[PDB]
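Below: one structure, written as structure tokens.
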Amino acid sequence: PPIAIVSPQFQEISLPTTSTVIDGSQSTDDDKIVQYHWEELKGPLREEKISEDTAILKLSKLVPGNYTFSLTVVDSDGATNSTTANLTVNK
Amino acid sequence: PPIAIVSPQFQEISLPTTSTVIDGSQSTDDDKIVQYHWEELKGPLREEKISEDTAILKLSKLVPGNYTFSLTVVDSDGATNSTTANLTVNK
Amino acid sequence: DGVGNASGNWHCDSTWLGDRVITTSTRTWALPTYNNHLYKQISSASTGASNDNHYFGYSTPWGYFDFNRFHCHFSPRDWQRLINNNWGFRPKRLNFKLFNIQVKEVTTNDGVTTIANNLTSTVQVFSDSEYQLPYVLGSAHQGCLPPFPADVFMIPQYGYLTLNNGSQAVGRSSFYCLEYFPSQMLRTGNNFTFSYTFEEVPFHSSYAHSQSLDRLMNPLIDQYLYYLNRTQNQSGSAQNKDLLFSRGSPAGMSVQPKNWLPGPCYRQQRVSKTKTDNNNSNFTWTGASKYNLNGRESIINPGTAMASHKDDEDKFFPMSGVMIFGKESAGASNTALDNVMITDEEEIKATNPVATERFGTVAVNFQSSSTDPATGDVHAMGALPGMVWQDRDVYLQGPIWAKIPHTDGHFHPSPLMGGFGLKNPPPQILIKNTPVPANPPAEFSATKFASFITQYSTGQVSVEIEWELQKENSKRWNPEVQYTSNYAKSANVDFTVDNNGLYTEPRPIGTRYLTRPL
Amino acid sequence: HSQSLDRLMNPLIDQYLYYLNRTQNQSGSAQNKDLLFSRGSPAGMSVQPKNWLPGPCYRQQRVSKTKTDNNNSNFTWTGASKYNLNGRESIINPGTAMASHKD
Amino acid sequence: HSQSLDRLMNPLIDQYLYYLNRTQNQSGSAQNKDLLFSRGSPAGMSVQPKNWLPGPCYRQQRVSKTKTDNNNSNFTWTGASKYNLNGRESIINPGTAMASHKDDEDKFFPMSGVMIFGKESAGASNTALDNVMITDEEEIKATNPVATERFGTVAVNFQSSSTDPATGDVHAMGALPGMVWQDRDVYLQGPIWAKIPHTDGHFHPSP
Amino acid sequence: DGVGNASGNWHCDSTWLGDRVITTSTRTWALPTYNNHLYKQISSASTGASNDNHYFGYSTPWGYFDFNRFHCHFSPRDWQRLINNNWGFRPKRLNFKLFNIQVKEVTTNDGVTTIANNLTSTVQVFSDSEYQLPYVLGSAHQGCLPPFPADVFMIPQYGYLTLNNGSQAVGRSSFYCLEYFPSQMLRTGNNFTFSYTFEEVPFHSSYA
């Protein structure tokens with residue numbers, strides 16, 4: 001289809017240090033993938049979103065809670081696949 | 001013993017510009033020193049501590065008041081020496 | 001001149017002359033039939049690999065000889081005899097021979113393989129001595145001559161990759177038909193010989209500098225050049241900025257005017273061999289050093305020649321900055337720490353930086369009364385004028401040469417895996433069983449052939465490289481550090497066979513044991 | 001060149017040099033840091049030990065020929081690559097030999 | 001050199017190569033992004049396609065000979081340029097061949113980028129400014145950069161409708177292809193030769 | 001020069017000149033495959049032998065010729081002809097030849113051995129004429145030429161013992177790889193010849 005895979009689905013970040021990376025760059029295809037698209041499902045506000053239309057995330061300023069992003073890839077010709085990630089952020 | 005020496009003991013930082021360096025890298029020994037260890041005695045909170053287990057400090061976001069850090073060095077074999085520094089921060 | 005006559009003898013000498021050493025090695029090979037004689041293309045669209053792991057290429061039935069590791073020529077005693085008293089070595093000429101060809105043919109009649117000796121079947125061999133082909137050698141693959149001489153090895157399969165727009169094929173993608181080269185038909189009585197002479201490649205520096213680069217001064221006399229010692233006069237109250245210069249130094253050695261610079265740097269990641277002092281992420285590929293080439297990322301691995309760690313930090317290694325040779329009992333997927341051999345690279349700490357460390361700090365702003373002199377942190381550094389460095393060490397396992405790619409420009413063409421960067425490397429010797437078909441039908445058919453006779457070859461192969469040594473000219477007083485065997489009551493002798501005949505190389509042996517002053 | 005620089009290897013045989021594949025063992029709960037090395041690669045080509053390096057670089061600005069996907073500033077001379085020589089700035093133009101764009 | 005490096009063109013004829021002059025058409029209201037190229041230049045010399053590059057750079061610290069315009073810290077060794085070799089730091093001093101200051105900035109000197117010869121009545125410890133001789137290095141301003149100045153600015157991000165074209169500031173620069181530079185001046189006091197250390201590789205072995 | 005030609009003739013003379021006697025002997029040999037072509041080490045830790053019976057060594061697939069008994073050269077009449085009227089004897093020179101090599105290959109297909117003649121397979125022979133190897137000969141072992149000339153014999157296996165701290169291996173324990181010597185590939189048509197001249201060893205006093 002366009003098959004996507006996220007880095008783990010499940011991460012464990014220890015407080016106070018909130019600076020992680022979700023690596024959706026191991027997502028495969030039989031051709032090139034035109035773009036990688038990040039979104040967000042859960043989580044509170046006040047985060048510095050950096051480059052949602054790219055491959056490797058640079059996540060900062062994470063409130064301990066439950067974040068849930070989602071990677072979506074687009075083949076040529078267009079085909080989507082949404083695989084999500086969970087951010088179990090604990091003190 | 002492990003003899004340590006701090007950059008001055010006494011600094012004078014003018015407001016609003018709060019970005020200083022305490023250079024505990026002139027601390028001597030007869031052998032190598034394994035690590036340099038910074039701590040803190042006085043001062044209010046809300047500072048961005050950067051690399052307390054290193055040689056040259058990078059201090060930022062200093063409230064005008066009285067900070068007091070402390071350098072501690074460790075020889076091989078282990079020997080400690082705590083020499084402190086005062087941060088006379090004035091407007 | 002067969003059939004009842006050997007077409008060559010077994011030569012496996014290693015002769016040590018004055019300024020040159022001739023290391024002959026002869027192995028027994030076995031060439032199967034690859035692809036059932038087809039130029040099948042290979043791409044990534046069948047498996048469906050990642051965006052940086054797409055490829056496109058072809059996979060021939062030819063097979064190549066790759067004598068491109070050092071233990072294909074040097075026994076561990078000859079390597080020890082070389083690296084202990086030599087400041088350098090380079091090859092002069094090689095001499096390749098391929099004899100005693102036996103073309104068997106196997107019949108799996110009713111589940112029973114009956115291997116039958118065939119006498120009229122041939123074997124095609126050509127050496128690509130004009131470099132029209134992709135040069136797969138020097139990519140550090142398997143399928144070499146084996147280390148231990150009493151091992152029958154199996155010849156690799158010659159595939160090649162070309163340009164791709166992912167798993168597609170751009171109109172620059174070249175196809176190489178390898179029967180469109182003049183090969184040499186070899187029966188069971190003939191032999192393939194050719195000779196080759198290397199370029200005037202520089203000597204591999206098989207020494208370690210006994211002086212640092214920032215310690216190249218007389219420790220007694222002080223200099224005549226001054227510098228700025230102090231930008232703040234201590235008059236016991238506050239700042240003064242009197243700009244105190246003073247001469248030096250006999251003792252303040254870190255601030256003197258040096259004359260040269262350490263080499264280029266490109267930081268890897270500091271990773272502990274002890275698992276408790278590593279981050280709990282993965283890592284690699286998240287915090288690795290990698291480069292964008294045509295919009296696809298690739299780890300540097302092992303990068304530029306840099307030292308592995310600081311003084312007495314043996315637990316740390318650069319994430320991809322070291323050669324990691326596998327032992328036996330090491331699979332090709334997710335092996336633990338014990339079954340590999342991380343080559344510690346620490347003899348080049350003098351000139352070269354540390355791959356897990358910054359290469360200094362430049363300044364950012366302009367210092368004044370208003371703004372403090374903020375400095376930035378350098379991580380990657382291209383070559384400045386006045387930099388000296390020393391190339392990556394070679395190993396008994398590691399590769400001998402590589403091909404300098406035929407580009408319009410290249411800077412210091414030493415291969416990053418170590419070795420001799422050659423413009424015109426030893427040519428690829430490609431070998432292939434001539435396809436002998438099975439019975440054709442009685443009426444003529446247009447379709448090519450769906451049935452051949454299953455066969456394979458075997459035979460011997462001699463490679464004889466003459467090296468040129470650089471005898472040391474030292475006036476060191478105290479003894480050198482040389483590669484010695486562990487003198488102890490041991491369970492098994494190192495670099496030898498086992499209870500059931502498995503040649504196990506226990507450790508990677510470098511070549512930098514001697515000391516030349518810088 | 002009909003071959004890439006990071007594609008100078010035999011696509012069939014795998015190397016004899018190892019590297020670090022994994023700094024975190026997946027035991028289905030949390031972090032372990034077991035430092036898993038493994039051989040490669042025939043397929044994981046992006047992580048292998050290469051031998052050479054791509055050339056020098058000095059970034060220019062990515063400007064679209066389509067006017068709708070450019071910033072509404074000016075730009076040039078604001079976000080251009082330029083050098084100080086005797087205290088006066090000059091655009092590099094065209095700079096070092098680099099490719100124009102990706103695939 | 002009696003010519004600059006970025007002044008190697010005929011001041012009368014304009015070039016035949018174009019470049020991007022403008023990424024925003026002024027139609028007196030707002031942004032348009034029409035990508036206006038135009039030829040040049042006889043006069044807009046800073047934007048032309050040059051052919052060569054100035055030399056490598058590695059920034060020192062801008063320190064005034066006048067004591068009133070220096071920071072009240074110490075400084076040196078806090079904000080100096082230094083390198084890690086086997087885990088011990090050493091000031092570069094005098095570093096690569098770079099010019100000392102800009103046009104008519106004689107009061108400034110790189111913190112460790114100049115030869116500082118001592119006079120007589122100059123001790124070997126904590127001498128003042130008068131008893132030394134800071135060698136001003138300004139004849140190589142043409143090819144070489146200024147040691148207290150950045151060697152240009154690269155770009156960081158990808159410009160689009162969403163994100164502005166942020167540029168980063170270059171401080172240290174290894175040798176690119178096409179760089180020309182000129183080596184450090186000699187003096188009547190300074191040294192004649194040096195030994196190239198017997199290493200396996202060295203880049204442009206001038207001391 | 002094979003294949004349809006013998007590469008040597010059967011010489012088994014014993015000629016008695018005045019002051020010298022030339023004793024030729026020719027035997028038929030048979031060399032198997034030892035260790036299945038492996039340099040397996042041998043020690044005492046597997047069996048667990050006594051404190052004076054510990055050893056450590058290696059066991060090659062090579063095989064040696066040991067013509068180091070007197071009846072490999074002298075028939076009992078020639079020995080009687082020697083010892084009855086001679087006050088002494090010593091050897092001057094030897095002359096070793098190795099011919100008519102046949103390399104068979106056996107297929108044990110379904111419990112039935114079908115020995116098939118192979119023609120392209122070789123045989124490696126080298127004479128260690130510089131003494132880099134352990135000299136196992138003279139240790140009074142079996143596997144010589146047989147006494148009686150009409151006997152097919154089987155070639156021994158070349159193993160060697162080195163230094164040990166019991167059944168361990170000290171760092172002086174040498175390992176000898178024997179393909180690291182120039183051998184001679186011999187097909188079914190070639191032959192190995194070399195010659196050797198003894199030292200001026202004293203006469204063996206064959207008198208009482």
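Identifiers for the structure tokens are assigned positionally: chains receive A, B, ... in sequence, residues are indexed from 1 per chain, and ligands are indexed from 1 in the order shown.
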Fit chain B to chain A: least squares, all C-alpha atoms, paired in order; write the output as a short mmCIF file (atom, residue, chain, number, x, y, z; two decimals) with N, CA and C atoms, in the first residue's frame.
data_model
loop_
_atom_site.label_atom_id
_atom_site.label_comp_id
_atom_site.auth_asym_id
_atom_site.auth_seq_id
_atom_site.Cartn_x
_atom_site.Cartn_y
_atom_site.Cartn_z
N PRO B 1 0.85 -1.18 0.00
CA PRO B 1 0.00 0.00 0.00
C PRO B 1 0.89 1.24 0.00
N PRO B 2 1.51 1.57 1.15
CA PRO B 2 2.65 2.48 1.22
C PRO B 2 3.54 2.18 2.43
N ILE B 3 3.55 0.94 2.93
CA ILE B 3 3.65 0.55 4.35
C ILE B 3 4.60 1.35 5.24
N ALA B 4 4.07 1.86 6.36
CA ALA B 4 4.82 2.69 7.29
C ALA B 4 5.06 1.95 8.60
N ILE B 5 6.18 2.27 9.25
CA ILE B 5 6.54 1.71 10.55
C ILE B 5 7.22 2.80 11.38
N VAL B 6 6.83 2.91 12.64
CA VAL B 6 7.33 3.94 13.53
C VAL B 6 8.41 3.32 14.41
N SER B 7 9.18 4.17 15.13
CA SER B 7 10.49 3.78 15.65
C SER B 7 10.41 2.74 16.78
N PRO B 8 9.97 3.04 18.05
CA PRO B 8 9.00 2.13 18.67
C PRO B 8 7.61 2.73 18.59
N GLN B 9 6.58 1.94 18.87
CA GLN B 9 5.29 2.53 19.18
C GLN B 9 5.27 3.08 20.60
N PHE B 10 6.14 2.56 21.46
CA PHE B 10 6.08 2.77 22.90
C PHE B 10 7.43 3.30 23.38
N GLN B 11 7.43 4.49 23.96
CA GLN B 11 8.65 5.08 24.51
C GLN B 11 8.50 5.33 26.00
N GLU B 12 9.63 5.49 26.68
CA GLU B 12 9.67 5.78 28.11
C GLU B 12 10.68 6.89 28.35
N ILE B 13 10.17 8.09 28.65
CA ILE B 13 10.98 9.28 28.84
C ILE B 13 10.92 9.64 30.32
N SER B 14 12.09 9.84 30.93
CA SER B 14 12.18 10.16 32.35
C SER B 14 12.29 11.67 32.55
N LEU B 15 11.55 12.18 33.53
CA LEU B 15 11.59 13.58 33.90
C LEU B 15 12.84 13.87 34.73
N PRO B 16 13.36 15.11 34.69
CA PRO B 16 12.96 16.33 33.98
C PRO B 16 13.34 16.38 32.50
N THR B 17 14.13 15.43 32.04
CA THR B 17 14.73 15.49 30.70
C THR B 17 13.67 15.13 29.66
N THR B 18 13.16 16.14 28.95
CA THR B 18 12.13 15.95 27.93
C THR B 18 12.69 16.40 26.59
N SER B 19 13.38 15.48 25.90
CA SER B 19 13.85 15.73 24.54
C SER B 19 14.02 14.37 23.85
N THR B 20 13.05 13.99 23.03
CA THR B 20 13.04 12.68 22.39
C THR B 20 12.97 12.82 20.88
N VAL B 21 13.09 11.68 20.21
CA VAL B 21 13.03 11.58 18.75
C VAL B 21 12.18 10.36 18.40
N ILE B 22 11.13 10.57 17.61
CA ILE B 22 10.42 9.48 16.95
C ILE B 22 10.94 9.38 15.52
N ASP B 23 11.53 8.24 15.19
CA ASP B 23 12.22 8.01 13.92
C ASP B 23 11.31 7.21 12.99
N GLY B 24 10.45 7.90 12.26
CA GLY B 24 9.63 7.24 11.26
C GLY B 24 10.32 7.12 9.91
N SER B 25 11.62 6.87 9.94
CA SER B 25 12.42 6.84 8.72
C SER B 25 12.80 5.43 8.31
N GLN B 26 12.22 4.44 8.99
CA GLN B 26 12.43 3.05 8.62
C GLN B 26 11.20 2.53 7.91
N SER B 27 10.31 3.45 7.58
CA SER B 27 9.11 3.13 6.82
C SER B 27 9.47 2.81 5.38
N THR B 28 8.97 1.69 4.88
CA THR B 28 9.40 1.15 3.61
C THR B 28 8.39 1.48 2.52
N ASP B 29 8.64 0.95 1.32
CA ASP B 29 7.86 1.14 0.10
C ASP B 29 8.51 0.27 -0.97
N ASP B 30 7.83 0.12 -2.10
CA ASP B 30 8.48 -0.47 -3.26
C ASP B 30 9.07 0.57 -4.21
N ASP B 31 8.72 1.84 -4.02
CA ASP B 31 9.21 2.98 -4.78
C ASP B 31 9.73 4.00 -3.75
N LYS B 32 9.98 5.23 -4.17
CA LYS B 32 10.25 6.26 -3.18
C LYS B 32 8.96 6.65 -2.47
N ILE B 33 9.11 7.26 -1.30
CA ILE B 33 8.01 7.93 -0.62
C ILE B 33 8.22 9.43 -0.78
N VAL B 34 7.16 10.13 -1.18
CA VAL B 34 7.28 11.53 -1.55
C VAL B 34 7.47 12.40 -0.31
N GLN B 35 6.60 12.25 0.69
CA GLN B 35 6.77 12.95 1.94
C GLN B 35 6.35 12.06 3.10
N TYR B 36 6.85 12.40 4.28
CA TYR B 36 6.38 11.83 5.54
C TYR B 36 5.62 12.92 6.28
N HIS B 37 4.48 12.57 6.87
CA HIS B 37 3.61 13.57 7.48
C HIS B 37 3.29 13.16 8.91
N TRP B 38 3.67 14.01 9.86
CA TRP B 38 3.36 13.78 11.26
C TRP B 38 2.11 14.57 11.66
N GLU B 39 1.34 13.99 12.57
CA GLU B 39 0.18 14.65 13.16
C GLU B 39 0.21 14.39 14.66
N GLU B 40 -0.89 14.68 15.35
CA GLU B 40 -0.97 14.47 16.79
C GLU B 40 -2.39 14.11 17.16
N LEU B 41 -2.55 13.17 18.09
CA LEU B 41 -3.88 12.75 18.53
C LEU B 41 -4.17 13.27 19.93
N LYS B 42 -3.34 12.90 20.90
CA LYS B 42 -3.57 13.22 22.30
C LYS B 42 -2.56 14.24 22.78
N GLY B 43 -2.58 14.51 24.08
CA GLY B 43 -1.58 15.34 24.71
C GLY B 43 -2.07 16.75 24.98
N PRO B 44 -1.51 17.39 26.00
CA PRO B 44 -1.83 18.79 26.27
C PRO B 44 -1.10 19.72 25.29
N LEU B 45 -1.28 21.01 25.51
CA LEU B 45 -0.78 22.04 24.61
C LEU B 45 0.57 22.54 25.10
N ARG B 46 1.03 23.65 24.50
CA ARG B 46 2.30 24.33 24.79
C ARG B 46 3.50 23.42 24.54
N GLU B 47 3.66 23.06 23.26
CA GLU B 47 4.85 22.38 22.78
C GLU B 47 5.38 23.11 21.55
N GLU B 48 6.69 23.02 21.35
CA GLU B 48 7.33 23.64 20.20
C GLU B 48 7.40 22.61 19.08
N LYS B 49 6.39 22.63 18.22
CA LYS B 49 6.34 21.71 17.09
C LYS B 49 7.39 22.10 16.05
N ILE B 50 8.23 21.14 15.68
CA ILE B 50 9.31 21.35 14.72
C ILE B 50 9.15 20.33 13.61
N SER B 51 8.81 20.81 12.41
CA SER B 51 8.90 20.09 11.13
C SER B 51 8.03 18.83 11.12
N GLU B 52 6.72 19.05 11.16
CA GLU B 52 5.76 17.95 11.06
C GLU B 52 5.75 17.28 9.69
N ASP B 53 6.22 17.97 8.65
CA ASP B 53 6.26 17.42 7.30
C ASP B 53 7.61 16.79 6.96
N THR B 54 8.32 16.26 7.96
CA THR B 54 9.63 15.66 7.72
C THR B 54 9.71 14.23 8.26
N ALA B 55 10.92 13.69 8.28
CA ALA B 55 11.15 12.28 8.59
C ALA B 55 11.43 12.03 10.07
N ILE B 56 12.50 12.64 10.58
CA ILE B 56 12.97 12.43 11.94
C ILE B 56 12.45 13.56 12.81
N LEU B 57 11.73 13.22 13.87
CA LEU B 57 11.21 14.26 14.75
C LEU B 57 12.30 14.82 15.65
N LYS B 58 12.02 16.01 16.18
CA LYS B 58 12.84 16.64 17.22
C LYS B 58 11.84 17.18 18.25
N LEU B 59 11.47 16.34 19.20
CA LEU B 59 10.43 16.69 20.16
C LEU B 59 11.03 17.29 21.42
N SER B 60 10.41 18.38 21.89
CA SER B 60 10.87 19.10 23.06
C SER B 60 9.68 19.54 23.89
N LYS B 61 9.94 19.81 25.17
CA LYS B 61 9.00 20.40 26.13
C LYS B 61 7.76 19.52 26.29
N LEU B 62 8.00 18.33 26.84
CA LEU B 62 6.98 17.29 26.94
C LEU B 62 6.42 17.25 28.36
N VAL B 63 5.14 17.55 28.49
CA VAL B 63 4.44 17.39 29.77
C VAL B 63 4.29 15.91 30.07
N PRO B 64 4.60 15.45 31.29
CA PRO B 64 4.32 14.06 31.66
C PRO B 64 2.83 13.76 31.61
N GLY B 65 2.46 12.85 30.72
CA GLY B 65 1.08 12.52 30.43
C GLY B 65 1.01 11.43 29.37
N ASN B 66 0.17 11.62 28.36
CA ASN B 66 0.09 10.69 27.24
C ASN B 66 0.01 11.49 25.94
N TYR B 67 1.13 11.57 25.23
CA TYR B 67 1.11 12.06 23.86
C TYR B 67 0.89 10.91 22.90
N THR B 68 0.31 11.23 21.75
CA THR B 68 0.10 10.24 20.70
C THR B 68 0.18 10.96 19.36
N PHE B 69 1.29 10.78 18.66
CA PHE B 69 1.45 11.32 17.32
C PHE B 69 1.06 10.26 16.30
N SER B 70 1.15 10.60 15.02
CA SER B 70 0.79 9.67 13.97
C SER B 70 1.56 10.02 12.70
N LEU B 71 2.27 9.04 12.15
CA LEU B 71 2.99 9.21 10.90
C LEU B 71 2.13 8.75 9.73
N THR B 72 2.13 9.53 8.65
CA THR B 72 1.42 9.18 7.43
C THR B 72 2.34 9.41 6.24
N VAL B 73 2.53 8.38 5.42
CA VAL B 73 3.41 8.43 4.27
C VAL B 73 2.58 8.47 3.00
N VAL B 74 3.18 8.99 1.93
CA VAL B 74 2.52 9.14 0.64
C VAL B 74 3.45 8.63 -0.46
N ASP B 75 3.04 7.57 -1.13
CA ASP B 75 3.74 7.01 -2.28
C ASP B 75 3.46 7.86 -3.53
N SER B 76 4.24 7.63 -4.58
CA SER B 76 3.90 8.07 -5.93
C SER B 76 3.60 6.82 -6.75
N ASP B 77 2.32 6.58 -7.09
CA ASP B 77 1.18 7.48 -6.92
C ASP B 77 0.59 7.35 -5.51
N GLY B 78 -0.33 8.26 -5.17
CA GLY B 78 -0.69 8.54 -3.78
C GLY B 78 -1.32 7.34 -3.09
N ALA B 79 -0.78 7.01 -1.92
CA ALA B 79 -1.30 5.96 -1.06
C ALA B 79 -0.86 6.28 0.35
N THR B 80 -1.79 6.20 1.30
CA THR B 80 -1.56 6.62 2.67
C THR B 80 -1.50 5.41 3.60
N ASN B 81 -0.80 5.58 4.72
CA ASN B 81 -0.78 4.57 5.77
C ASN B 81 -0.47 5.29 7.08
N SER B 82 -1.40 5.22 8.02
CA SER B 82 -1.27 5.93 9.29
C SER B 82 -0.91 4.93 10.39
N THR B 83 0.33 4.99 10.86
CA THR B 83 0.77 4.25 12.03
C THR B 83 1.13 5.23 13.13
N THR B 84 0.66 4.95 14.34
CA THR B 84 0.74 5.89 15.45
C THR B 84 1.86 5.49 16.41
N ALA B 85 2.13 6.39 17.35
CA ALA B 85 3.17 6.20 18.36
C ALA B 85 2.61 6.70 19.69
N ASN B 86 2.99 6.04 20.78
CA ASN B 86 2.57 6.45 22.11
C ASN B 86 3.78 6.90 22.92
N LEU B 87 3.58 7.95 23.72
CA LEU B 87 4.65 8.61 24.47
C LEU B 87 4.33 8.48 25.95
N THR B 88 4.72 7.36 26.54
CA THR B 88 4.50 7.12 27.97
C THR B 88 5.57 7.90 28.72
N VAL B 89 5.25 9.14 29.08
CA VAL B 89 6.20 10.05 29.70
C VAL B 89 5.94 10.03 31.20
N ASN B 90 6.94 9.61 31.98
CA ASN B 90 6.79 9.43 33.41
C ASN B 90 7.96 10.06 34.15
N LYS B 91 7.72 10.40 35.41
CA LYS B 91 8.75 11.00 36.25
C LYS B 91 9.73 9.96 36.77
#
Nearby residues (only C-alpha atoms) at most 10 Å from residue 13 (chain D), same-chain spacing under 4 positions excluded, as a short mmCIF file (atom, residue, chain, number, x, y, z; two decimals) with C-alpha atoms, in the first residue's frame:
data_model
loop_
_atom_site.label_atom_id
_atom_site.label_comp_id
_atom_site.auth_asym_id
_atom_site.auth_seq_id
_atom_site.Cartn_x
_atom_site.Cartn_y
_atom_site.Cartn_z
CA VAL C 136 32.77 -4.42 -6.49
CA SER C 139 33.50 -2.88 -0.60
CA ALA C 140 34.61 -5.25 2.23
CA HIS C 141 32.63 -8.34 1.30
CA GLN C 142 33.01 -12.01 2.09
CA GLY C 143 34.18 -14.71 -0.29
CA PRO C 156 31.22 -15.10 -4.73
CA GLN C 157 28.64 -14.04 -7.31
CA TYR C 158 29.32 -10.88 -9.31
CA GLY C 159 26.42 -8.50 -9.03
CA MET D 9 29.55 -2.14 -3.06
CA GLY D 40 26.33 -6.14 7.34
CA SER D 41 25.06 -5.29 4.97
CA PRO D 42 23.57 -6.64 1.78
CA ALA D 43 20.37 -4.67 2.40
#
Quick one: residues within 7 Å of region 57-67 of chain D, only C-alpha atoms counted, chain neighbours fewer than 3 positions away excluded, as an mmCIF file with C-alpha atoms, in the first residue's frame?
data_model
loop_
_atom_site.group_PDB
_atom_site.id
_atom_site.type_symbol
_atom_site.label_atom_id
_atom_site.label_comp_id
_atom_site.auth_asym_id
_atom_site.auth_seq_id
_atom_site.Cartn_x
_atom_site.Cartn_y
_atom_site.Cartn_z
ATOM 1 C CA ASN D 70 8.491 31.185 -1.927
ATOM 2 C CA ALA D 80 21.845 34.523 1.000
ATOM 3 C CA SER D 81 25.247 32.915 1.462
ATOM 4 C CA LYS E 33 7.122 35.862 -5.023
ATOM 5 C CA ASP E 34 7.607 36.286 -8.764
ATOM 6 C CA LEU E 35 11.318 35.220 -8.736
ATOM 7 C CA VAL E 154 25.347 29.209 5.445
ATOM 8 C CA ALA E 155 21.620 28.483 5.382
ATOM 9 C CA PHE E 158 14.320 24.924 3.819
ATOM 10 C CA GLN E 159 12.472 28.077 2.847
#
Check which residues of chain C sit at most 7 Å from chain E using only C-alpha atoms, and return one row each with the closest pair of atoms and their distance in Å to one decimal, ordered by chain and rising number, as a tab-separated table.
residue	atom	partner	partner_atom	distance
C:205	CA	E:200	CA	5.7
C:224	CA	E:117	CA	6.1
C:225	CA	E:117	CA	4.7
C:226	CA	E:116	CA	4.1
C:227	CA	E:116	CA	5.7
C:228	CA	E:111	CA	6.2
C:229	CA	E:76	CA	6.1
C:230	CA	E:76	CA	5.7
C:231	CA	E:74	CA	5.5
C:232	CA	E:74	CA	5.5
C:239	CA	E:72	CA	4.5
C:240	CA	E:72	CA	6.2
C:241	CA	E:67	CA	4.8
C:242	CA	E:67	CA	5.0
C:243	CA	E:67	CA	6.3
C:244	CA	E:128	CA	4.9
C:245	CA	E:127	CA	5.3
C:246	CA	E:126	CA	4.6
C:247	CA	E:124	CA	4.9
C:248	CA	E:124	CA	6.6
C:254	CA	E:90	CA	3.8
C:255	CA	E:91	CA	4.5
C:256	CA	E:93	CA	6.0
C:257	CA	E:93	CA	4.0
C:258	CA	E:93	CA	5.9
C:259	CA	E:207	CA	4.8
C:260	CA	E:207	CA	5.9
C:310	CA	E:86	CA	5.5
C:311	CA	E:86	CA	6.4
C:349	CA	E:86	CA	5.7
C:350	CA	E:85	CA	6.9
C:353	CA	E:85	CA	5.9
C:359	CA	E:83	CA	5.7
C:360	CA	E:83	CA	4.1
C:361	CA	E:81	CA	5.5
C:362	CA	E:59	CA	5.3
C:363	CA	E:59	CA	5.4
C:364	CA	E:171	CA	6.5
C:366	CA	E:62	CA	6.0
C:367	CA	E:62	CA	6.0
C:368	CA	E:70	CA	5.3
C:369	CA	E:71	CA	5.2
C:372	CA	E:71	CA	6.5
C:373	CA	E:79	CA	6.0
C:374	CA	E:79	CA	6.7
C:375	CA	E:79	CA	6.1
C:381	CA	E:174	CA	5.5
C:382	CA	E:174	CA	3.4
C:383	CA	E:174	CA	4.2
C:384	CA	E:174	CA	4.5
C:385	CA	E:204	CA	5.2
C:386	CA	E:205	CA	5.3
C:387	CA	E:203	CA	5.0
C:388	CA	E:202	CA	3.7
C:389	CA	E:201	CA	5.1
C:390	CA	E:200	CA	4.7
C:391	CA	E:200	CA	6.2
C:518	CA	E:197	CA	4.6
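For chain C, the residues close to chain F, meaning within 6 Å and counting only C-alpha atoms, are residues 4, 5, 6, 9, 10, 11, 12, 13, 149, 486, 487, 488, 489, 490, 491, 497, 498, 499, 500 and 501 of chain C.
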Kindly provide the residues of chain C that approach chain A to within 7 Å, each paired with its closest atom pair and their distance in Å to one decimal, based on only C-alpha atoms, listed by chain and increasing number, as JSON lines.
{"residue": "C:44", "atom": "CA", "partner": "A:30", "partner_atom": "CA", "distance": 6.5}
{"residue": "C:45", "atom": "CA", "partner": "A:30", "partner_atom": "CA", "distance": 4.3}
{"residue": "C:48", "atom": "CA", "partner": "A:30", "partner_atom": "CA", "distance": 4.3}
{"residue": "C:49", "atom": "CA", "partner": "A:28", "partner_atom": "CA", "distance": 5.1}
{"residue": "C:50", "atom": "CA", "partner": "A:28", "partner_atom": "CA", "distance": 3.8}
{"residue": "C:51", "atom": "CA", "partner": "A:28", "partner_atom": "CA", "distance": 6.0}
{"residue": "C:166", "atom": "CA", "partner": "A:32", "partner_atom": "CA", "distance": 5.1}
{"residue": "C:167", "atom": "CA", "partner": "A:31", "partner_atom": "CA", "distance": 5.4}
{"residue": "C:286", "atom": "CA", "partner": "A:23", "partner_atom": "CA", "distance": 6.6}
